[PDB]
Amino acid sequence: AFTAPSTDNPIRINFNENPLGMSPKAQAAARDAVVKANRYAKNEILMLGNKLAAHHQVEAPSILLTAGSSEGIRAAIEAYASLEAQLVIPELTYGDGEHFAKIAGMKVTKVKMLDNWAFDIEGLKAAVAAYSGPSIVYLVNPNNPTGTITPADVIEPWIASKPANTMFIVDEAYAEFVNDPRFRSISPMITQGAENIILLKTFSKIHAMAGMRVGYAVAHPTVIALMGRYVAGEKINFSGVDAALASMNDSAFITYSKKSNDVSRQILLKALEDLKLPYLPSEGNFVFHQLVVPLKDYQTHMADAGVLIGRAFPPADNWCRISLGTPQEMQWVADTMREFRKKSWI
């Protein structure tokens, strides 16, 4: 069941973790792997790479397994970094791209969001076109923290035009949650031979395995080979490898994982409509919504009430990112929000 939270046992809706346990088949695989984990998972890593390759309709050399997509982002940046290069990003997006770009001494070119917190793709395209050196473009889709998608018919033709000296990193961490039919995975462009795309994926979100540390990149083999020089081989942990292989066969859990996230979303959105607090469309496992009280006060009052929400995401200073917990959790949070309103805490 669900139990009312306290500060010692809070509802955790702070890091976009799946509030469900991983698949029972994946859990069995993970636990069974422990007795084997005195040894390296060498053959199993080969099997997982092959299975991911078939999933993306590419060959094995187009897959790089990494310890989460955290490592894929780093390797992608390191592989294509130089002191002449720029990273082109929307101003409000997932911070790892900029983090590793600054480590590489790159220019970071942030493009202001449009008036609906959408990506300004014309602005991103102009940031690349007017720069005479190499550009890395980092596109998170669906975006964190906003939750919104960028339509495929807006991204795909830009990428297909092959702007000179430009590598696109497309992070689809939250893609399996998506309901909007304008969203398409970029994967088929790689299957069809694109050499200017790195697709990053993870088992941390829909597969509910954040702590297991399994992600990967999909790209042309020449791109994967370059990225491979910035990781210490493919040496994923035994439990994560076996859990990943199992989760890939448990299509029933993946349907359930999406459906539970959909139910949670509507419970939150109901409360937000009742309170008349604007929110952005949610295509991941989180909602980004507006506040009329100071963010810091709201975070503190929620924390005292046993609920950990998202950190601040400047420059959206009056917005908060609320991850979607289980339905029972989101109802308790929705109702706390209603009680806050009565006393002006929201």
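Residue numbers run from 1 along the displayed sequence.
Higher mean CA temperature factor between 68-76 and 244-252: 244-252, per the PDB entry. Higher mean CA temperature factor between 115-123 and 91-99: 115-123, per the PDB entry. Looking only at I63, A37, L46, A305, the residue with the top Cα B factor in the deposited structure is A305. Ranking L200, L226, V231, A81 by the C-alpha B-factor listed in the PDB entry places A81 at the top. Residue-level temperature factors show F340 in the lowest third of its chain, judged at the C-alpha atom.
Per the deposited record, the Cα B-factor of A33 falls in the lowest third when ranked against the other modelled residues of its chain. In the PDB entry, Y138 places in the lowest third of its chain by CA B-factor. In the deposited entry, the Cα temperature factor of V214 sits in the bottom third of values across the chain's modelled residues. Placement of the Cα temperature factor of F288 within the chain: lowest third of the modelled residues, per the deposited record.
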